[PDB]
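Form deposited in one PDB entry, single chain, as structure tokens, below.
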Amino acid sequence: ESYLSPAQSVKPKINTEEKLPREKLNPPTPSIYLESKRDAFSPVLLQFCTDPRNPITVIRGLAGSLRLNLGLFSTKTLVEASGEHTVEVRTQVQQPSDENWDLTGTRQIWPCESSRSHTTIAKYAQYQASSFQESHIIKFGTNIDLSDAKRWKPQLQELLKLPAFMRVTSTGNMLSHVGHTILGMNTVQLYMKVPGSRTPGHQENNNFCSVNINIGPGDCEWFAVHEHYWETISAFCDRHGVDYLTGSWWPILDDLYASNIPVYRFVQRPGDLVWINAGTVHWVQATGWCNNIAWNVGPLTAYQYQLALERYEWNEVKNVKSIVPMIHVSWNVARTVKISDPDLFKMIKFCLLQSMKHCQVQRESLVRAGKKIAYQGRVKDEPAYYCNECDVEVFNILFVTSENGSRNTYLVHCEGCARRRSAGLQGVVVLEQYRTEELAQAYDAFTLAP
């Protein structure tokens, strides 16, 4: 029933029981300098950054290296190009990056206060500038969508200069095979910061890699822990009553150290690019006044695919939506991308085989009941679908209802939630987007490329 085969794991062997000395608990972060575009575009850089033993890499002066005009992301330029669109803010307590104090200011805690409100780019910019002029609570403009191709064209054009595996869109990027928009993952988000502005502890959605460029003028301080330790960090969150996957928490560094967890700590200067490898747990605080831009990428590695599918299944256990629809993505990749890595090939092939089996069983049960199934094929830029009630991905066979609102709009449900409503599926239209033979031939057409 799982889309993963445990036997196929490529996770690195790490023995948490081996006690580590202070030195190994404070490892250095890999810090690369690129001299030429040739080096930035080398497959060797892709291999270096995605190696499962390398959780986070900083690529020093990458902006000047490739002649990226990061001034196009200055606050002044952004304001001039913006409209009145609403953006969101987090209000936080300004505190040292290694600290997070309880209300009485007597002890360190994990839960981290970070409340939501809304503003505009231009009004947040006035706050950022007034902060810098000195004219304690702070505000952080976060997850600002730079997705409008027209409004943000010069900005987005500058990012086309990055090496392919870092780009927002690329054929070696799983997120570019979603076929619909996931704002901030396969589109750019902007972060406008004052000193103290925090992005609290997390793994990326579905454990996808992340790219972050600091525009400046200030620095950002980063903290990171290898994927391997994530369950131990989750246990701290639970101990302190904050949700690991969806809550706002800031680790106590000595808790991680006591638990034998190495923590990477480094400073990201203006023009530096941080590559966050798959599954790396990280948190970030602005040291100065700066803007960052960031998005996700899913390079075609077995480690990435495994960690994305593992989180997909864990989200299902925890009743948390996976905003990357991994079954849909897996078939799209299989149909359109040559996979030469034998580990990654075996994993995708295994996932597709389970998906075919499920769809076949589902279809045979419907046919046995005499339930009409209509074909509604895929079309360009069509989204992937999820159950309205339980938020699981619903792939291929769709159980849709128009009962509420207009009889011409339908909500999608999984089989389970559809059958809980009307056990005879009365009033449920069943669609299939891929005929049995379309999936069979896509599966057979998917073979290991040399």
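For the two forms, the rigid core is made up of the largest set of C-alpha atoms that agree within 1.5 Å on superposition. A residue's number is simply how far along the shown sequence it sits, counting from 1.
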Check: residue 404 without coordinates in a third or more of other entries: yes
Deposited residues lacking coordinates between residue 135 and residue 136 (none, 1 to 3, 4 to 9, 10 or more): 10 or more
Between 375-383 and 115-123 (mean CA B-factor, as deposited), the higher: 375-383
Residue range whose averaged C-alpha B-factor is higher in the record, 305-313 or 159-167: 159-167
Candidate set 396, 31, 54, 404 [ranked by C-alpha B-factor, highest]: 404
Deposited CA B-factor, highest of 66, 49, 400, 58: 66
For residue 345, the third of its chain into which the C-alpha B factor falls: highest
Residue 416, C-alpha B-factor rank within chain (lowest, middle or highest third): highest
Chain-relative CA temperature factor third for residue 429: lowest
Where the record places residue 204 (Cα B-factor, split into thirds across the chain): lowest
CA B-factor placement of residue 354, once the chain's modelled residues are sorted into thirds: highest
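There is also a form deposited in another entry; it is not shown, and the following applies to it.
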Answer among 69, 31, 388, 422 for the CA shift between this form and the one not shown that reaches 2 Å or more, rigid core superposed: 422
